[PDB]
Structures are given as C-alpha cells and as structure tokens.
Amino acid sequence: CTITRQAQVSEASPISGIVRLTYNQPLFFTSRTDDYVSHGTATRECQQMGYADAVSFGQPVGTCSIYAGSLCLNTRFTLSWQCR
Amino acid sequence: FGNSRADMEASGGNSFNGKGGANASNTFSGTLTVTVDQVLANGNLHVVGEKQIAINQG
Ligand SMILES: O=C(O)[C@H]1C[C@@H](O)[C@@H](O)[C@@H]([C@H](O)CO)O1
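Sequence lines, in order, name chains 26 and A. Residue numbers are given in the authors' numbering: position 6 of the first sequence equals residue 19, and the series is strictly consecutive. Residue numbers are given in the authors' numbering: position 36 of the second sequence equals residue 152, and the series is strictly consecutive.
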C-alpha cells in the first residue's frame with residue numbers, strides 16, 4: 014500500500030554528464046527507496062564515467078507508463094544527477 | 117456439301133478485368149511546447165513534451 018523500493022539506473026550520458034535513475038509505483042502505492050542508494054548509484058555511474066561527485070540538483074519526475082482506460086496502473090519516477 | 121456436313125457455326129469469348137487501389141492520408145495542425153531531454157554528441161537536442169486537456173467528461 015505504502016511500501017516500495019528498488020530504484021535502479023536508466024541512463025548515463027557523458028555528454029553534459031547526466032545520470033538518470035528510474036523507479037516504479039503501483040496505482041495505489043508510494044515509493045522512496047532509501048534517499049541514499051540513489052546517490053550511491055549516481056556516484057558509481059559518475060566514477061565509471063570521467064566525472065564524479067554526483068549531485069541530485071533536481072526533483073523527482075513521475076510519468077505514467079501503463080494506461081488502463083481512465084487510470085494509471087504504473088507510474089515511473091525519475092531522479093536526475095549532474096556529475097561534477 | 118450436299119447436307120449440312122460442312123455447315124459450321126461457332127462463337128467464343130473470354131473477358132477479364134482486374135482492379136486495385138489504396139490510399140492513406142493524415143494531417144495534424146497543432147502547436148505544442150516541448151522540453152529538451154538530452155544533448156547529443158553533435159549538438160542535436162532530444163525533445164519530449166506532453167500536454168493534457170480536460171474539456172469535460174474525459
Ligand atoms: O452415302 C452415304 O454413305 C450416306 C448418305 C447419307 O444418307 C448419310 O447420312 C448416310 C446415312 O446414314 C445412311 O443411312 O448414308
């Protein structure tokens with residue numbers, strides 16, 4: 014009902030040094046993995062690339078990914094980081 | 117040819133007509149403001165945008 018986890022990575026573009034992670038939310042569900050695992054993954058991606066010290070710099074973005082009539086079965090939430 | 121031994125009469129016909137066609141048209145006359153998603157290596161911009169309108173009942 015109000016339990017979700019497992020926020021993973023979805024994009025790592027060296028051009029502009031942008032890392033994007035995504036996580037899922039069911040219809041009547043919430044999601045906040047740990048507020049720190051996303052930072053760790055972003056830092057790992059930046060280190061893998063030529064940058065480092067990822068910064069959140071933004072706010073979560075939620076766009077529906079599954080449509081069932083006038084509803085939203087699943088919602089995708091994105092976290093952006095700017096490697097520096 | 118004393119009888120109708122040589123009397124002859126014959127007719128034959130063969131008519132064929134085939135046709136085919138297909139059409140496909142589409143038009144779009146809107147204006148939408150989009151946001152850049154990422155900057156490519158050559159400088160091209162990946163743009164994504166969305167607009168939701170609820171006039172009434174939908
Ligand atoms: O010269 C013949 O061979 C003929 C003349 C015709 O009459 C022909 O039709 C046939 C007849 O079938 C005899 O019965 O005979």
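Even for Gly, the Cβ is constructed at its ideal location relative to N, Cα and C.
### Query
Are the C-beta of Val-155 (chain A) and some C-beta of chain 26 separated by less than 8 Å?
yes
### Message
With a threshold of 8 Å, are at least 3 pairs of Cβ atoms found where one atom belongs to the region 32-41 of chain 26 and the other to the region 81-89 of chain 26?
### Response
yes
### Query
Would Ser-29 (chain 26) count as contacting chain A if we go by Cβ distances under 8 Å?
yes
### Query
In angstroms, rounded to a whole number, what distance separates the CA positions of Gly-63 (chain 26) and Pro-27 (chain 26)?
8 Å
### Message
At the level of alpha carbons, what is the spacing between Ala-157 (chain A) and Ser-29 (chain 26)?
### Response
10 Å
### Beta-ladder partner(s) of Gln-61 (chain 26), from DSSP
DSSP lists no partner for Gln-61 (chain 26).
### Under the three-state DSSP convention, the category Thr-151 (chain A) falls into
strand
### Query
What's the gap between the Cα of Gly-174 (chain A) and the Cα of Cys-85 (chain 26)?
14 Å
### Per-residue burial, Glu-166 (chain A) [other beta carbons within 10 Å of its own, 16 or more giving buried]
exposed
#### Entry: Beta-bridge partners of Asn-87 (chain 26), as assigned by DSSP
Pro-39 (chain 26), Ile-79 (chain 26)
### Task
Look at the alpha carbon of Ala-67 (chain 26) and the alpha carbon of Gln-168 (chain A), and state the distance between them as a whole number of angstroms.
33 Å
### Message
Under 8 Å, Cβ to Cβ, is there at least one residue of chain A near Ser-26 (chain 26)?
### Response
yes
### Contact the region 42-53 of chain 26 vs the region 131-146 of chain A: 3+ CB pairs below 8 Å
no
### Message
Quick check: what's the CA-CA separation for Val-150 (chain A) versus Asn-133 (chain A)?
### Response
52 Å
#### Entry: Alpha carbon of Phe-42 (chain 26) to alpha carbon of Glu-24 (chain 26), nearest angstrom
24 Å
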